[PDB]
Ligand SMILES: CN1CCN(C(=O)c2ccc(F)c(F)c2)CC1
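One chain comes next, on its own, written as structure tokens: the form solved without the named molecule.
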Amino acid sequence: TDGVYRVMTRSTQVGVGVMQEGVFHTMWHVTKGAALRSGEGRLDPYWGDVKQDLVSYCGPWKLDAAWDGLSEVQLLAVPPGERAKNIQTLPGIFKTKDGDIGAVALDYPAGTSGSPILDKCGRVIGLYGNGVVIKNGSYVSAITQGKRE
């Protein structure tokens, strides 16, 4: 069913993802694009892109909401061993040769990778966990969003 999920290996939490419209969405580095178990069921990788660091299971990428480039957002962080919590922030910007990407200066354990970032309507505007380490050792994550074809 729709919601946010932990991704576990047997146990260790290696990441997080979003179930929406029957498709499971996570970051590629969480699963390395391998199949997942859900209860007694198997979720097979359907679409992915290592450069975007994204993968979807059971169908194509469904998350199409975009950061408006202006407003505060919320990370719905699901850290290992802790319940989901919402953290509001005003994104900064990754400026790249191919354009600007919103980025959040929020630092969580590696197994928080795949946690969704939300707009004020609760729509998922991207996933947390592909980023850079800045000079002082803190972290900035892109707001990584796929394309709904």
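Just count from 1 along the sequence shown to find any residue number.
- Per the record, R10 and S11 are separated by a gap of 4 to 9 residues from the deposited sequence that were not modelled.
- Mean CA temperature factor is higher for 61-69 when stretches 101-109 and 61-69 are set side by side in the entry.
- When the mean C-alpha temperature factors of 81-89 and 34-42 are read from the deposited coordinates, 34-42 comes out higher.
- In the deposited entry, the Cα temperature factor of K120 places it in the highest third of its chain's modelled residues.
- Sort the modelled residues of the chain by CA B factor and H29 lands in the lowest third.
- For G15, the recorded CA temperature factor ranks within the lowest third of the chain's modelled residues.
- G131 sits in the lowest third of its chain by CA B factor, as recorded in the PDB entry.
From this point on, the text means the form solved in complex with the named molecule, which you will not see here.
- Within 2.4 Å of backbone or C-beta atoms of the shown chain, at least 3 atoms of the named molecule land once it is superimposed from its position in the deposited complex; the pocket counts as blocked.
- Contact check for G92: every heavy atom lies farther than 4.5 Å from the named molecule in the deposited complex.
- Residues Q52, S56, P60, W61 are the members of 48-71 with a non-hydrogen atom no more than 4.5 angstroms from the named molecule in the deposited complex.
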